[PDB]
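Chemist: Residue numbers (PDB author numbering), protein chains in the order written: chain B, 1 to 434; chain K, -1 to 0, 391 to 755; chain A, 1 to 441.
The beta carbon of each residue, even a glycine, is placed where N, CA and C say it ideally should be.
To start, I am sharing the structure in question, which I have written as structure tokens.
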Amino acid sequence: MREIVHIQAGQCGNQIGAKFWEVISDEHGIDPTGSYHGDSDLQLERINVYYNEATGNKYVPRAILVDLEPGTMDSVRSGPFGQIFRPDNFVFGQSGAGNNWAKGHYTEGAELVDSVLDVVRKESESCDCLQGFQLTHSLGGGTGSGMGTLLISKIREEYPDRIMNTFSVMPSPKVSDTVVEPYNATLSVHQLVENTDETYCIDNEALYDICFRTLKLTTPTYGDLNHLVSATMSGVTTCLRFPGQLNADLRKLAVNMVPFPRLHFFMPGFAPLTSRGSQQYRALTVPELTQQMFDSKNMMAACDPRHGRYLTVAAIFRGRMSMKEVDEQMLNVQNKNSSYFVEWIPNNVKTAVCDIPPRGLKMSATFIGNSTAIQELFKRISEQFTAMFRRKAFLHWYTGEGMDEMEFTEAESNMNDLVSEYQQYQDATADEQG
Amino acid sequence: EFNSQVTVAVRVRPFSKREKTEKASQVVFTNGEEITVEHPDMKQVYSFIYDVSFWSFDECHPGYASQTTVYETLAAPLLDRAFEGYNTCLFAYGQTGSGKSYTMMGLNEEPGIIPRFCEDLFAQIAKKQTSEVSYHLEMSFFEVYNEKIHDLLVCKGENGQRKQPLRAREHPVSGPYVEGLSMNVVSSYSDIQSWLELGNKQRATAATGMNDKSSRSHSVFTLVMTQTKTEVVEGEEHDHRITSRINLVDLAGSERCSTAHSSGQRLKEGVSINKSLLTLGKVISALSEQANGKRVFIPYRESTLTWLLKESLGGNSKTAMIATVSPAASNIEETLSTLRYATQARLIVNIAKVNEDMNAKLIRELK
Amino acid sequence: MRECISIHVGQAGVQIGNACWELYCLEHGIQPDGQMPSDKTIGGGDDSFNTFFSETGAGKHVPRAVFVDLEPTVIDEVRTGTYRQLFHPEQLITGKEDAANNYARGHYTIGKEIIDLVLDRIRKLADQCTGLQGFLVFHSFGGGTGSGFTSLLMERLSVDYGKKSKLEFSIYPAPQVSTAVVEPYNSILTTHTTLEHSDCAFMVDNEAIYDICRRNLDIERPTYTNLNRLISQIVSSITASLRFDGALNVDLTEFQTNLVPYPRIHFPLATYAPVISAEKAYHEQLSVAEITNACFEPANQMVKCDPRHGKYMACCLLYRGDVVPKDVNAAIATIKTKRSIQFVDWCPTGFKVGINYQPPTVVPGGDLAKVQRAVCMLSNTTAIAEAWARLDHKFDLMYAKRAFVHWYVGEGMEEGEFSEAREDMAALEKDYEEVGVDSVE
Ligand SMILES: CC(=O)O[C@H]1C(=O)[C@@]2(C)[C@H]([C@H](OC(=O)c3ccccc3)[C@]3(O)C[C@H](OC(=O)[C@H](O)[C@@H](NC(=O)c4ccccc4)c4ccccc4)C(C)=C1C3(C)C)[C@]1(OC(C)=O)CO[C@@H]1C[C@@H]2O
Ligand SMILES: Nc1nc2c(ncn2[C@@H]2O[C@H](COP(=O)(O)OP(=O)(O)OP(=O)(O)O)[C@@H](O)[C@H]2O)c(=O)[nH]1
Ligand SMILES: Nc1nc2c(ncn2[C@@H]2O[C@H](COP(=O)(O)OP(=O)(O)O)[C@@H](O)[C@H]2O)c(=O)[nH]1
Ligand SMILES: Nc1ncnc2c1ncn2[C@@H]1O[C@H](COP(=O)(O)OP(=O)(O)O)[C@@H](O)[C@H]1O
Ligand SMILES: [Mg+2]
Ligand SMILES: [Mg+2]
């Protein structure tokens, strides 16, 4: 019943989500026709979270594919799982946003957005009880940053009592892939802070290190990277589809992860990832998984938690785990690494355990963490931003589409206030005597 | 160099129809400056000191503070400083059915602070209206309702639903402000009264269990006063201007859903009020700890109210608080929360300055 | 003739209920389909024991219970599992959304829309009963349903039914172990509302049973299926005299009296001494003196609290099996001899005793052994004020910064409800001190 609408904006999200349905269908026993060819009877019990029944027990996903270019949509159709999506749910235009946040928000996206709302309002009304939404976009361009942030501004107005989860690829620290990353990443944060409840921040430079350092992959394509993001996307929504001993919805995590309404930027993770050789030399058990999850070298956010403090974290387990083995291990982290946690939250950790594991692993785990080390990502954009905006380098492509310099200054001070909201907590606090 | 302290004042209300039907006991006693609360259980007694106390419990007992008395004790100094060239703020705080709207706006035959303020302002202007000094006055009156902003001084068009919301923005110097807001000119008391009537008729009101005319929205009354003056200079005169913003704020109540029998829009709007008071409270708790050496970050962006009032709670204004309390024993903990937040607001210090409209230009370097 | 309603609230009550009705069927000879085959050669009797199971003329037996979670994941395992043909199909799930671990949602938003539906089936079950003795509420401090929906229920049940025993079997939060960051709020707002309505609340803590399962049963990787079966035994012993014969029988209205000195300190604890595997089932005699002392060992308490930091006020010992009163009287005299077990001055007779003949039954697939004796201790002690004091301190750390309040305020709660609860819990903390002071004259 806890139904979810998936929305995929840009060459990134439509490339991630396309793998997300290659990963969920294998978990629910759906073939590329929509026909069910599974083994267990638990798959079909809660397949309604992501899928809809069409005619003959053919299952059509609740996906929404949006972009300002038809090239990405052709890859989905001419692909493995192209024939299952609703062909009336592919919304597209031409003459894309040109790496301009001004176009996807005001000029071009505003022409195509009402078409997107037609799909959303039809899929949500067709759902019995909406748990929330799920957006996969890339801020750094103009479509996912512009046309995605605009949709959240509108769904939050129509559905203000529902969850709006977001899986966003953030700009990377070392090497750029778009020259105007700061202007587009900045203005998105000015909107996401006001209109989101969970925002999972992903960075490709970290996945390049995961794929190289852990998986021992020498030529990692974007398929492999998005084969990692889709995992966490499945772990967060596992306790709605399969049963367990301690279940956790989306709201139970945010209530246990968002202590103040603006600090909803997380550092995800997945366990157990290994190379194809070392698999025969490991022992799959919780103390082996918890060591990978809390490892700084297994994050996707390109931020070291050891330069901050975990305000609150979570752990979603899948398998025939032992709860004593789980509760004992999370306590070992806080008592050992007490400096990387806050004092005014006594138990900084939440846990959840499902009983039905991933297709080929006797046990998996998904990790979500809110830390003050996300300060480093926002503090960087604020430096690149003001360095360009102080000289007004590329600004005439944003004003020429119907924007003003004041809207560039608002987003700067907001992001700078979010830095201070995280920075007060990162410094160790002390009462008079306590 | 200036550090202006916030002027906190308290007003005890008389018993209500509910608190007389249920024959509730008196627990808030006064002696003048101090206000004490003897719990019924008689296990401990709390007492608080304030700059100003008002006791409207009895219309006969000595110490009875009236509308004119609260005015002449609180607002008249703010008017003096506003003419001096300061920005000023007067904001109410309390629970449901405690005398905030009656205190500030008042009724037809029992005026509050706002009409008296505007009247004495125009009187002093007409009495000092020389060719040496000219005066220009703009007003605005707006509303916060379910985190949405609304203009009160418009004649809405006919429709199934006609409430066009506005947006809040951040000007780098002037600070937060509202885009799309009617700033209407005023020459005398009559236009002010007409606009006040229109605004109080457009404001959101409802019937709940603790007040039949419960305001479902925060209300801000802004007056922008620009006084122009001369100095004999190399050329023409009329080369000094002093601007002053007066912000009179009437907020709603905490509204426990159990007592305030609420379902649907009342719950919804009530919940919004509860989220607005929690944020405001957190901002008054951080401003009272930032005036004691400890460094803290005030969260003004978590609520449109505190966001617009960034310049009043802190920053540049001479500001005053009117806490409103009920003397019954069935509301002790809420009265005490009000009094504790007021005693913490007493410790706030702002940096008030004269708006000469000349800094960095020429006479800053003269100085 | 004697009939008790069990209520299982949340993902913890149910998985204890599933652990209970598994056992209540074995003791009475019922199969999971609700049928009692052995009755055909008795032709009567009362093996269709009316304390828990109501019988249809077709030979089927329905249990007297309500199962409520505000989420379908836990109850739908019953409708699909081995115990689907036993329960009434009216197991209540309007759980289109969970409470998100929020006392406000279980009490002000989603506790509504199902509570009137919940009172209805209870009103139906009670009218099928004659001797309604009381209720048994299974819930957990720490959730939204088990904390919020229980409070809302114990209020409404205190009006429709009034003066009847409402016994809580609640999972108390451990001091260190936890699976949520919002247990203190949900646990402090719960006590504030349940104190004026409940009559006795037996606490348990998972951090302790984890340890019990390590030392005695030699289970190093346990889970909740092992914990909940131990709880199934605590309740069986309590409601045994309402089912079987015995020398000294104990009604539900006797815990309400002996173990509650004053109306606000009705927070006892539970134990079960002969928790041993089939390996340690031999090598030991398992006498009343061996068992009774094991109920006073703090390492065998099902709540993480040292009574040696406090004093006892009232203890209830429920004996099962081949037990003789001479063996019990010799034992309490041994406990009253030890000076490390301190009793208050104003209660010299601090023991209650009950003896039943039906031994405990061994669930196939369990780690507990077959024994001819079993004992359950119910104790009220001043030591549990330590746990409340921890919980009030946690509250203070995370309420002074108003953390997580906008989730509660966003679902119907006022900021003043937090301050009211903390003061009530401070008074109770003070009440636990006055009862610990020895009087003077
Ligand atoms: C033991 C064995 O025979 O090979 C393993 C294997 O080598 C490992 C390393 C697999 C392998 O994963 C990868 O090689 C990989 C490549 C690029 C990026 C990420 C992973 C594996 O492909 C993955 C595969 O696991 C799954 O298929 C999960 O069900 C996975 N399924 C898919 O994602 C999927 C993708 C496309 C089509 C169908 C299914 C999954 C992950 C998360 C949530 C649900 C399902 C398994 C056991 C293995 C292989 C096959 C080598 C791992 O898979 C994951 C992410 O769980 C990688 O680390 C685990 C540990 C496995 O042991
Ligand atoms: N003994 C035992 N305890 C459990 C079990 N499941 C959950 N708990 C305890 O319950 C606490 C959390 O509260 P929940 O049981 O999840 O409460 P809930 O009814 O699910 O409320 P929601 O989370 O809103 O759905 C944890 O601290 C656990 O220790 C169980 O199966 N057995
Ligand atoms: N992880 C991942 N990121 C991608 C992929 N493709 C593009 N991106 C990111 O998306 C950004 C490009 O923005 P994009 O949405 O494609 O621009 P648009 O075509 O105008 O909408 C770059 O910063 C990339 O880092 C992908 O396949 N995987
Ligand atoms: N000093 C006073 N003298 C006489 N009546 C008063 C006084 N203060 C309050 N009241 C009465 O109590 C009510 C106050 O409601 P109001 O102040 O509008 O609630 P809120 O302060 O929550 O907006 C009014 O109906 C008013 O008549
Ligand atoms: Mg009012
Ligand atoms: Mg639950």
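1. Going by CA-CA distance only, name the one from 310/B, 61/B, 150/B that's closest to residue 425/B.
2. State yes or no: is the beta carbon of residue 683/K nearer than 9 Å to at least one beta carbon in chain B?
3. Given a limit of 9 Å on CB to CB distance, which residues of the stretch 267 to 297 of chain A reach chain B?
4. Residues of chain K with CB closer than 8 Å to the CB of residue 432/A, please, in chain order.
5. What would DSSP say about residue 466/A, mapped onto helix, strand or coil?
6. Quick check: the Cα distance between residue 296/A and residue 226/A, rounded to an integer number of angstroms?
7. Please list, in chain order, the chain K residues whose beta carbon lies closer than 9 Å to that of residue 424/B.
8. How many Å lie between residue 74/A and residue 330/A at the Cα?
9. Counting along the chain, where does the alpha helix (DSSP H) carrying residue 366/A start and finish?
10. Counting only the same chain and skipping the five closest in sequence on each side, list residues whose C-beta sits under 7 Å from that of residue 206/B.
11. For a test of your reading of the model: does the CB of residue 10/A fall under 8 Å from any non-hydrogen atom of ligand 8? Yes or no.
12. Helix, strand or coil for residue 33/B, going by three-state DSSP, please let me know.
13. If the cut-off is 7 Å on Cβ atoms, which residues from the stretch 394 to 419 of chain A count as contacting chain B, listed in chain order?
14. With a 10 Å radius around its C-beta and 16 neighbouring C-beta atoms as the bar for buried, classify residue 367/A as buried or exposed.
15. How about residue 488/K: is its C-beta nearer than 9 Å to some C-beta of chain A?
16. For residue 172/A, would you say it is in contact with chain B, using Cβ-to-Cβ distances shorter than 9 Å as the test?
17. Give me the DSSP bridge partner(s) of residue 42/A.
18. Consult DSSP for residue 161/A and reduce its assignment to one of helix, strand or coil.
19. Would a C-beta distance cut-off of 9 Å place residue 637/K and residue 697/K closer than the cut-off?
20. Could you check whether the Cβ of residue 423/A sits closer than 9 Å to any Cβ belonging to chain K?
21. Provide the residue(s) that pair with residue 356/A in DSSP beta bridges, ordered along the chain.
22. For residue 443/K, report the span of its beta strand (DSSP E) as first-last.
23. Going by CA-CA distance only, name the one from 706/K, 722/K, 568/K, 551/K that's closest to residue 465/K.
24. Counting only the same chain and skipping the five closest in sequence on each side, list residues whose C-beta sits under 7 Å from that of residue 251/B.
25. Around the Cβ of residue 562/K, are there at least 16 other Cβ atoms within 10 angstroms (buried) or fewer (exposed)?
26. For residue 527/K, write down the residues that DSSP places opposite it in a beta bridge.
27. Measure the C-alpha to C-alpha separation of residue 310/A and residue 642/K and round it to an integer number of angstroms.
28. Could you tell me how far apart the beta carbons of residue 150/A and residue 137/A are, in whole angstroms, since I believe they sit closer than 8 Å?
29. Name, going along the chain, the residues of the stretch 98 to 125 of chain A whose beta-carbon falls closer than 7 Å to a beta-carbon of chain K.
30. Listing by chain order, which chain A residues have their CB less than 9 Å from the CB of residue 416/B?
31. Looking only at its own chain, which residues have a Cβ that is under 6 Å from the Cβ of residue 8/A, when we skip the five neighbours before and after it?
32. At least one CB of chain A closer than 9 Å to the CB of residue 382/B: is that the case?
33. In angstroms with no decimal places, state the Cα-to-Cα distance between residue 292/B and residue 272/B.
34. What does residue 255/B reach in chain A if we use C-beta pairs closer than 8 Å?
35. How is the alpha helix (DSSP H) around residue 469/K delimited, first residue to last?
36. Taking 9 Å as the CB-CB cut-off, is residue 531/K touching chain B?
Modeler: Well, looking at it:
1. One-based indexing of the first sequence puts residue 425/B at position 425. When only C-alpha atoms are compared, the closest one is 310/B.
2. For the purposes of this step, residue 683/K is identified with residue 295 of the second sequence, where counting begins at 1. Closer than 9 Å to some Cβ of chain B, the Cβ of residue 683/K qualifies, so yes.
3. none
4. Counting from one through the third sequence, the residue named residue 432/A turns up at place 432. What residue 432/A touches in chain K: nothing, since even the nearest Cβ is about 17 Å away.
5. The structure shown does not extend to residue 466/A, since chain A is modelled only from 1 to 441, so the question has no answer here.
6. By one-based count along the third sequence, residue 296/A stands at place 296. By one-based count along the third sequence, residue 226/A stands at place 226. So the alpha carbons of these two residues sit roughly 22 Å apart.
7. Against the first sequence, residue 424/B aligns to sequence position 424. The contacting residues are 683, 684, 685.
8. Residue mapping note: residue 74/A aligns to position 74 of the third sequence, counting from 1. Residue mapping note: residue 330/A aligns to position 330 of the third sequence, counting from 1. Residue 74/A and residue 330/A: Cα-Cα distance of roughly 46 Å.
9. For the purposes of this step, residue 366/A is taken as the residue at position 366 of the third sequence. Here residue 366/A belongs to no alpha helix (DSSP H), and DSSP marks it neither H nor E.
10. Sequence index remark: in the first sequence, residue 206/B carries index 206 (1-based). Cβ neighbours of residue 206/B beyond the five flanking positions: 299, 300, 301, 302.
11. Ligands in the displayed structure: ligand 1, ligand 2, ligand 3, ligand 4, ligand 5 and ligand 6; ligand 8 is not one of them.
12. Start at 1 with the first residue of the first sequence, and residue 33/B comes out as number 33. Three-state DSSP puts residue 33/B in coil, outside helix and strand.
13. 394, 397, 398, 401, 403, 404, 406, 407
14. The residue given as residue 367/A occupies position 367 in the third sequence. Classification of residue 367/A: buried, given that the 10 Å Cβ count is 16 or more.
15. Numbered from 1 along the second sequence, position 100 holds the residue referred to as residue 488/K. No, residue 488/K does not count as interfacial toward chain A.
16. The sequence position of residue 172/A within the third sequence is 172, counting from 1. For residue 172/A, the answer is no, since every Cβ of chain B falls outside 9 Å of its Cβ.
17. Position 42 of the third sequence, counting from 1, holds the residue named residue 42/A. For residue 42/A, which the question treats as bridged, DSSP gives no partner whatsoever.
18. Locating residue 161/A in the third sequence gives position 161, counting from the first residue. If DSSP states are grouped into helix, strand and coil, residue 161/A belongs with coil.
19. What you label residue 637/K is simply residue 249 of the second sequence in a count that begins at 1. What you label residue 697/K is simply residue 309 of the second sequence in a count that begins at 1. The answer is yes: Cβ separation under 9 Å.
20. As a first step, residue 423/A must be located in the third sequence, where it is residue number 423. Yes, because at least one Cβ of chain K sits closer than 9 Å to the Cβ of residue 423/A.
21. For this step, residue 356/A is matched to residue 356 along the third sequence. DSSP lists 320/A as partners of residue 356/A.
22. Counted from its first residue, the second sequence places residue 443/K at position 55. It spans 440 to 443 - the beta strand (DSSP E) in which residue 443/K sits, taken as one unbroken run.
23. As a position in the second sequence, residue 465/K is number 77, starting the count at 1. Measuring from the Cα of residue 465/K, the nearest candidate turns out to be 706/K.
24. Numbered from its first residue, the first sequence carries residue 251/B at position 251. The answer, listed in chain order, is 163.
25. By one-based count along the second sequence, residue 562/K stands at place 174. The residue in question, residue 562/K, is exposed, as its Cβ has fewer than 16 Cβ neighbours within 10 Å.
26. Within the second sequence, the letter at position 139 stands for residue 527/K. For residue 527/K, which the question treats as bridged, DSSP gives the partners 572/K, 611/K.
27. Within the third sequence, residue 310/A is the residue found at index 310, counting from 1. Within the second sequence, residue 642/K is the residue found at index 254, counting from 1. If I take the Cα positions, the gap works out to 41 Å.
28. In the third sequence, the residue the question calls residue 150/A occupies position 150. In the third sequence, the residue the question calls residue 137/A occupies position 137. Yes, residue 150/A and residue 137/A are in contact; Cβ-Cβ is about 6 Å, under 8 Å.
29. 108
30. Taking the first residue of the first sequence as 1, we reach residue 416/B at position 416. Ordered by position in chain A, no residue passes the 9 Å Cβ test against residue 416/B, which lies about 21 Å from the chain.
31. Against the third sequence, residue 8/A aligns to sequence position 8. Here the set comprises 14, 17, 67, 138.
32. Reading the first sequence from its first residue, position 382 is the one you call residue 382/B. With 9 Å as the cut-off, residue 382/B does not count as an interface residue toward chain A.
33. Position 292 of the first sequence holds residue 292/B. Position 272 of the first sequence holds residue 272/B. Each residue's Cα considered, the two are about 7 Å apart.
34. Stepping through the first sequence from its first residue, residue 255/B is reached at position 255. Simply 100, 101, 102, 182, 404, 407.
35. Against the second sequence, residue 469/K aligns to sequence position 81. Where residue 469/K is concerned, the enclosing alpha helix (DSSP H) stretches over 464 to 472.
36. By one-based count along the second sequence, residue 531/K stands at place 143. False, the Cβ-Cβ gap to chain B never drops below 9 Å.
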